[PDB]
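Student: this one's experimental. Sequence and coordinates below.
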Amino acid sequence: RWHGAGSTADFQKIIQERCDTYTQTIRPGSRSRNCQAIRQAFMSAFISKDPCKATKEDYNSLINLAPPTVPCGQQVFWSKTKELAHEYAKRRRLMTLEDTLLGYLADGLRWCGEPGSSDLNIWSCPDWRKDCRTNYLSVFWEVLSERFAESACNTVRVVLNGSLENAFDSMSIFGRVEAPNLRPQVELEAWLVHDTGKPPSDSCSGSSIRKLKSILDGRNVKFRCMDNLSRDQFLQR
């Protein structure tokens, strides 16, 4: 029925198993959380509904069970730097969205339902461009991203791509949802990191980063920007 790839096979089992692994072996001691209840809430958010009428409100109950809150001074944002940013966060024992409970559950997966049915659509799912932006996969990442940004505290870091013409993309989730909802008075450190021995194409003094700085000034968030670093110099530091 849709243009996008279908749901991850065995979605329900994958998320519950990821939840067990996360809560018991990845970030334990926190107060306890029921993984069966989390799985049930996640399914209830989208199953049997119109797959192109997802709203942020559909996810309030799921997120309340496990908000994407990272301890102060440990939070990492990224944009166009997925691989690098996660390497960095892993090495420094920091957390990206994909390191929160719900982000860990959902990372890399696909899901959508079908009206009337209680089952996943494993055959096809709304593509964001061809079908609808208001789909359950896209909306999940948006609302999770917003709460993650709102809960950030003290010093936060962002890894950006110094090999693009514009390291800051105002239409990205980081630019649209995260930066504009950053808790006021936190401090943000940006790292603009470039490839290989390929000379950077954007810097902290470029137009796009000046736009980011304007947003942060508006949030009363202090900004420090470092650039002209290759992947190795950034990670080795």
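Tutor: Received the coordinates, thanks. Numbers count the residues shown, from 1 in each chain.

Student: for residue 157, helix, strand, or coil?
Tutor: Three-state call for residue 157 (DSSP: H, G, I helix; E, B strand; the rest coil): strand.

Student: isn't it up against residue 95?
Tutor: No. Between residue 157 and residue 95 there is no contact, the gap being 10.5 Å when judged by C-beta atoms under 8 Å. Using the backbone N, CA and C atoms, a C-beta is placed for each residue, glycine as well.

Student: list residues touching both of those two?
Tutor: Residues touching both residue 157 and residue 95 (C-beta atoms under 8 Å, 6 or more residues apart in numbering): 75, 76.

Student: which residues does the residue of the chain most remote from its centre contact?
Tutor: No residue in the chain sits farther from the centre than residue 116, which is 30.2 Å out by C-alpha atoms, centre = their mean. Residues near residue 116 by C-beta under 8 Å, 6+ apart: residue 48.

Student: ok, residue 58 next?
Tutor: By C-beta under 8 Å, 6+ apart, the contact list for residue 58 reads 45, 46, 49, 136, 139.

Student: identify the farthest-apart pair in those.
Tutor: Distances among the contacts of residue 58 were taken as C-beta to C-beta; the most separated pair is 49 and 139, at 11.2 Å.

Student: so these two - more neighbours on which side?
Tutor: Higher neighbour count among residue 49 and residue 139: residue 139, with 21 against 18, using other C-beta atoms under 10 Å.

Student: that one should be in a strand, yeah?
Tutor: No. Residue 139 sits outside any strand when classified using three-state DSSP, being helix.

Student: what separation do you get for it and residue 107?
Tutor: Distance, residue 139 to residue 107, using C-beta to C-beta, to the nearest Å: 16 Å.

Student: what distance do you get for the residue nearest the centre of the chain to residue 132?
Tutor: In the chain, the residue lying closest to the centroid (C-alpha atoms, centre = their mean) is residue 97, at 4.4 Å. Distance of residue 97 to residue 132, given as C-beta to C-beta: 23 Å.

Student: now the helices for this structure?
Tutor: In the chain, the helices defined using DSSP state H lie at 11-21, 35-46, 60-65, 82-92, 101-106, 136-151, 173, 207-218, 231-236.

Student: in a markdown table: the ones you listed, plus distance to residue 164.
Tutor: Shown next, in a markdown table, are the helices of the chain (distance: least, C-beta to C-beta, whole Å):
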| stretch | distance to residue 164 |
| --- | --- |
| helix 11-21 | 31 |
| helix 35-46 | 33 |
| helix 60-65 | 31 |
| helix 82-92 | 13 |
| helix 101-106 | 24 |
| helix 136-151 | 20 |
| helix 173 | 16 |
| helix 207-218 | 9 |
| helix 231-236 | 14 |
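
Student: nice, that's everything, thank you.
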